[PDB]
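First the structure, in the form of structure tokens, and then the observations on it.
Please treat every number below as a calculation from the coordinates, not as lab data. So basically every Cβ, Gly included, is an ideal-geometry build from the backbone, and we count neighbours across all protein chains shown.
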Amino acid sequence: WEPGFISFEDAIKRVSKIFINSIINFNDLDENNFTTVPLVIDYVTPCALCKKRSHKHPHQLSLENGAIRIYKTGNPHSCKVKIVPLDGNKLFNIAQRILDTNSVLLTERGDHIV
Amino acid sequence: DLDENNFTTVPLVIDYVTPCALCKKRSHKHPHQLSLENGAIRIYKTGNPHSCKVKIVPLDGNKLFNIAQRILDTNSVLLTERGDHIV
């Protein structure tokens, strides 16, 4: 998890939202085993991602290109693959980087100095 | 019949004067039901949930108003009685 990415909790919340079915092992996900622990889906409603009855294989989570990707284990081709971006707000990062150089300051009077 | 306590349990008796609003199939052998997860209400058909699609309706209110209420709860901004604010 890079500092430029969004918060881990918001990412797992988005992962919860993308699946309409509740996640049984949702609370077991931490900042070190998200790529390893497969997702346990209690199918009461159809899978929000392929509309099938159930999957013989569990769904697993992966991290690539600064973004979070969801796929089905076993035969991933039988189930669709979705991608959710994980990077943060770019303009805020740019503003922080610019301010880190101490190039603009306050006058104490009401103006700015450059 | 629905209330804040039985809305998750009572099935809905729909009158299929027209085909189903969501699946377009004529009638349902099994009535629909509501369920609540992730701050949203999910409507689904009982029995086989694949013959009838699944919809979501959000339940959370306006986010920015809640944030403003939380900020005002801390008493960090006040009125000066002269026409401006202090922070």
Once every Cα of region A:13-54 carries one equal point scatterer and solvent is ignored, give the base-10 log of I(q)/I(0) from the Debye formula at q = 0.15 Å⁻¹, two decimals.
-0.37
Cα centroid of region A:1-51 to Cα centroid of region B:15-87, whole Å:
21 Å
Enumerate the calculated ³J(HN,Hα) couplings along region A:21-35 in order (Karplus 6.51 cos²θ - 1.76 cosθ + 1.60, θ = phi - 60°), each rounded to whole Hz, writing x wherever the residue is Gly or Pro.
5, 5, 9, 5, 9, 5, 6, 7, 8, 10, 7, 10, 10, 5, 7
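About the Cα centre of chain B, what is the dipole size in debye to 20, counting +1 per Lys and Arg Cβ and -1 per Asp and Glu Cβ, all else neutral? Provide the component values of the computation, followed by the final result.
Values: 11 positive and 9 negative charges, 169 e Å.
With only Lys, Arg, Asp and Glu charged at Cβ, the dipole is about 820 debye.
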Please report, in cubic angstrom per residue, the volume enclosed by the convex hull of the alpha-carbon atoms of chain B.
177 Å³
Working out 0.36 nm times the residue gap between A:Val84 and A:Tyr43, then minus their Cα-Cα distance, what length gain in nm do you get to one decimal?
12.6 nm
Averaged over peptide A:98-108, how many Cβ atoms belonging to another chain are found within 10 Å of each residue's Cβ?
0
At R0 = 45 Å the Cβ-Cβ FRET efficiency linking A:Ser103 and A:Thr36, nearest 0.05, sits at 0.55
Just list whichever of A:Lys13/B:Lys53; A:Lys72/B:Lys55; A:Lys90/B:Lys53; A:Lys90/B:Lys45 have alpha carbons separated by over 32 Å in the model shown.
A:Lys90/B:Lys53; A:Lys90/B:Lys45
Of the options B:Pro11, B:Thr74, B:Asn48, report the single residue whose Cα projects farthest towards the positive end of the charge dipole of chain B (beta-carbon charges: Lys, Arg +1; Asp, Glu -1).
B:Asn48
Value at 222 nm in deg cm²/dmol, rounded to 500, when DSSP H runs of n ≥ 4 in chain B each add -39,500 (n - 2.57)
-3500 deg cm²/dmol
How many nm is it between the label spots at B:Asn6 and B:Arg26, if each spot is 7 Å from the Cα in line with the beta carbon?
3.1 nm
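To the nearest 20 debye, what is the magnitude of the charge dipole of the protein assembly as shown about its Cα centre, counting +1 on the Cβ of each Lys and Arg and -1 on the Cβ of each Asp and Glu? Don't jump to the answer; show the numbers that get you there.
On the way: 25 positive and 21 negative charges, 351 e Å.
Roughly 1680 debye for the protein assembly as shown.
Roughly how compact is region A:55-114, stated as its Cα Rg over 2.2 N^0.38 Å to two decimals? Working shown, then result.
Numbers: Rg = 22.1 Å, N = 60, 2.2 N^0.38 = 10.4 Å.
Relative to the 2.2 N^0.38 Å estimate, region A:55-114 comes out at 2.12.
Where in chain B are there chymotrypsin sites (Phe, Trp or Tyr not before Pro) that are in a DSSP coil and have at most 13 other Cβ atoms within 10 angstrom of their Cβ?
On the way: sites: B:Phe7, B:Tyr16, B:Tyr44, B:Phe65; in loops: B:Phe7, B:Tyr16.
Taking chain B and a limit of 13 other Cβ atoms within 10 Å, the loop chymotrypsin sites (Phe, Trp or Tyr not before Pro) found are B:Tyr16.
Using only Cα atoms, figure out Rg for the protein assembly as shown and give it as a multiple of 2.2 N^0.38 Å. Walk me through the intermediate numbers first.
Numbers: Rg = 24.1 Å, N = 201, 2.2 N^0.38 = 16.5 Å.
Dividing the Cα Rg of the protein assembly as shown by 2.2 N^0.38 Å gives 1.46.
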